Amino acid sequence: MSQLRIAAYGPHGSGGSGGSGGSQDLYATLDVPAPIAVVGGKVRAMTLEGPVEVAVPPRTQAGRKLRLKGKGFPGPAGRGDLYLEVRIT
């Protein structure tokens with residue numbers, strides 16, 4: 001119905017609520033193999049609900065974090081950003 005919405009990989013500044021970061025932003029390690037990283041697909045991410053399938057976009061490169069705005073916890077600026085740490089295996 002609703003997966004972790006990937007607001008990353010579209011660097012486009014405009015008149016909207018982006019900022020330099022979210023409120024309670026958190027880095028969560030995202031394991032992705034080299035094939036699924038380049039072509040895109042799905043991977044197993046760690047969540048409090050258990051292992052979820054995150055639909056990975058194409059072009060995905062090691063060391064880049066998928067900043068998923070609003071997927072972090074609420075705070076001063078509104079909600080935090082969930083950075084999925086692309087680990088190409």
# chains A, B, ... in the order shown; residues from 1 in each chain; ligands from 1
>>> closest_atom_pairs(of="range 25-46 of chain A", to="range 66-72 of chain A", cutoff="9 Å", atoms="only C-alpha atoms", output="CSV")
residue,atom,partner,partner_atom,distance
A:25,CA,A:72,CA,5.2
A:26,CA,A:72,CA,6.2
A:27,CA,A:67,CA,8.9
A:30,CA,A:66,CA,8.9
>>> residues_around(residues="range 79-88 of chain A", least_positions_apart="5", cutoff="10 Å", atoms="only C-alpha atoms", output="count of residues only")
43
>>> atom_distance(atom1="CA of residue 53 in chain A", atom2="CA of residue 19 in chain A")
27.7 Å
>>> select_by_dssp(residues="range 12-88 of chain A", states="strand (DSSP E or B)", output="ChimeraX atom specification")
/A:24,26-32,41-47,50-56,65-75,78-88
>>> select_by_dssp(residues="range 5-70 of chain A", states="helix (DSSP H, G or I)", output="number ranges by chain")
A: 34-39
>>> write_last_selection(atoms="C-alpha atoms", output="PDB file, in the first residue's frame")
ATOM      1  CA  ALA A  34      25.734  -4.291  -7.214  1.00  0.00           C
ATOM      2  CA  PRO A  35      23.087  -5.615  -9.844  1.00  0.00           C
ATOM      3  CA  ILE A  36      19.985  -4.229  -7.916  1.00  0.00           C
ATOM      4  CA  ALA A  37      21.884  -0.941  -7.244  1.00  0.00           C
ATOM      5  CA  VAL A  38      22.556  -0.186 -10.964  1.00  0.00           C
ATOM      6  CA  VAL A  39      19.253  -1.382 -12.585  1.00  0.00           C
TER       7      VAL A  39
END
